[PDB]
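What follows is one chain in structure tokens, specifically the form solved without adenosine-5'-diphosphate.
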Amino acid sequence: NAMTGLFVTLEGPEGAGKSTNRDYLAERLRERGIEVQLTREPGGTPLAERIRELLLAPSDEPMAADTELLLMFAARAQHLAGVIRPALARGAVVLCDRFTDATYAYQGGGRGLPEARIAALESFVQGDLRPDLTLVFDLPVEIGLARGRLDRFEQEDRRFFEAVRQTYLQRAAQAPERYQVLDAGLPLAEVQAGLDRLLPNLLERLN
């Protein structure tokens, strides 16, 4: 039937080689003549980036959990219509830094919002669309490393970030067919060799 690309999301903390690994993946794909679209959430479009700004900017006014969740999904709705679905329809590979798993992990695990409510909004915004593959970069939580000023989420405590970590691992266990957990605590080349063994699988998913 209708045109098909490949929707890959990457999840995990910065400082875990997510970005260099995404670049690696992108170059390996592009050398094979495949169109690759790099993007990130929240953000990805002019309006979505403005929503991002509201989400990250520290304020003395506390942001309600529901506000934070609805803003995340608002940016996502804009980003899906403007960037992601159009790329997939061109048969491109989308490599998206963070997606709805981050919502489950941060807003669910970190903020304590019920999984059911996040799931309701996921279906509302996305219909049946989910990533084809989600790469989780897992390693023990590191706090305070390489830190203008801390944004809203950076200000959180170690407990918050441990809940985020564990939620990703839980999610990957609930639907193993959609995830691959990468040991981001392993040497740099050893992880990119994992990416090599992955490429053929990606290519198959794509064509």
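Numbering starts at 1 and follows the sequence shown. In this text, the rigid core denotes the largest set of C-alpha atoms whose superposition between the two forms falls within 1.5 Å.
There is another form of this protein, the form solved in complex with adenosine-5'-diphosphate, and it is not shown here; the text below is about that form.
- In this form the binding site is blocked, since adenosine-5'-diphosphate, overlaid from its pose in the bound PDB entry, puts three or more atoms within 2.4 angstroms of backbone or C-beta atoms.
- Using a 4.5 Å cutoff between non-hydrogen atoms, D196 does not count as a contact of adenosine-5'-diphosphate in the bound PDB entry.
- Proximity of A184 to adenosine-5'-diphosphate in the bound PDB entry: non-hydrogen atoms within 4.5 Å are present.
- Contact with adenosine-5'-diphosphate in the bound PDB entry holds for all three of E14, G17 and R147, each having a heavy atom within 4.5 Å.
- Taking adenosine-5'-diphosphate as positioned in the bound PDB entry, the residues of 188 to 206 that bring a heavy atom within 4.5 Å of it are, in sequence order, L188, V191.
- Relative to the superposed core, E14 undergoes a C-alpha shift of no less than 2 Å between this form and the one not shown.
- Cα-Cα spacing of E14 to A163 is reduced in the bound PDB entry versus the present form (difference of at least 3 Å).
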